[PDB]
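Presented below, as structure tokens, is a lone chain in the form deposited in one PDB entry.
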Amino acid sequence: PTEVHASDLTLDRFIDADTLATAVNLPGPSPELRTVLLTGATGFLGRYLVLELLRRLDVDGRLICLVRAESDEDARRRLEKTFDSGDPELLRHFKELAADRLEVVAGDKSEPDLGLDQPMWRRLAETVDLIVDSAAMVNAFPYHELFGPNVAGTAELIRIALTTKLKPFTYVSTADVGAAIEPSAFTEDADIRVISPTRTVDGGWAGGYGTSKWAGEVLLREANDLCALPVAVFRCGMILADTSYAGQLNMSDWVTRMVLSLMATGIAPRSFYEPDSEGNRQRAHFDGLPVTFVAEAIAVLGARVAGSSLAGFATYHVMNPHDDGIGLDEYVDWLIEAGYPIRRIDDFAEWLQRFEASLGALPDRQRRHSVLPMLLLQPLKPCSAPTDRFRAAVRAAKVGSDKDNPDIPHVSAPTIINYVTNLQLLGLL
């Protein structure tokens, strides 16, 4: 348990003085993105970013993916394996997109030079036109990279972005960055260093993800101060599996574990939320977005280089802002109405203690995939995080399905039922 100040996350603590001094005078980057470096390709959002970035590259484009592995071919197999989820069309689509344009290299972004050979590192510094940093897949508790190695990895990527030629930098962040912040200060335009100058590291497994992402944003703000490096920060809410391909889930995230838990225990509460002022089921909204939308938004908006501002730093709140009354209770409604073996326990006190107990009664393999590890708690109190810049950009860049009146989508029943479908495909239900 220790305290970190944004002011101590200066680039000179990770990058040599010569590189930093030279970056000041480098010109703005070329808007033409032919070589893209992607981290986190084996993670859930990363996989969809692989597809979206390959679709956006030309026949001469190249996508270079850094993957933790024993060797470059081990890395290639690990990444290819994540697209082998029981959907023949996904594998077919991936292979055709990747052919002659996907390069997978073994490395650890938290290590010096990304754990890469110096010839490879130098080719990256000389040829990469765009850096995309997404969340790598961590299947063990607490399901994310610890603060130290994560900060080290962002700094290493910034080193590449600052060497030889400046490189636009897309950074996947999280709504959780705003947890320690009054909502009226937590805007897309605010400088993270001003509104969130101090944070506790190791302050509970829940807050570890937000604090590690906070540190990356601070380092990118420092890079942007130094040389106007074009940066695009995407603070994402919960990213949902969707119906585009079968078998594609983030097994580590809370929603996947909760759907498994509800189905395996068979018991749901009357409401996950405090009753409203009349004692009724409270109007609530869950901030989730389908991964296909999120990946497409990040790709389209992260490619704004010629149209980046003069100062060059953009933050987008990739969040579902709707006051639509679609929250966790409606997700449970949909599962029950689909005919799944879930019953509600009307007394909430009865539910939470029977639910935690029922999880401990599951077979070992299910227990590990449930919310029980995260348990080992009260009704939830239910639009505060502004999305003005993201939502306006969704309309202008025509992100998503509807190219006529584009807007941020809502969550609908097929997405929720599809979690059960995928979990059954995996043999976990």
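Between two forms, the rigid core is the largest collection of C-alphas that superpose within 1.5 Å. Each residue number is its position in the shown sequence, starting from 1.
Quick note: we don't show the form deposited in another entry, though the next part is all about it.
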| request: Tell me, with the core superposed, which single residue in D202, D189, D324, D225 has its C-alpha moved by at least 2 Å between this form and the one not shown. | output: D202
| After superposition on the rigid core, does the Cα atom of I160 shift by at least 2 Å between this form and the one not shown? | no
| Post core alignment: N139 C-alpha displaced by 2 Å or more between this form and the one not shown | yes
| So the Cα-Cα distance between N139 and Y316 shifts by 3 Å or more in the other entry; is it shorter or longer than what we see here? | closer
| query | Shorter or longer C-alpha distance for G207 and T154 in the other entry, given it differs from this form by 3 Å or more? | reply | closer
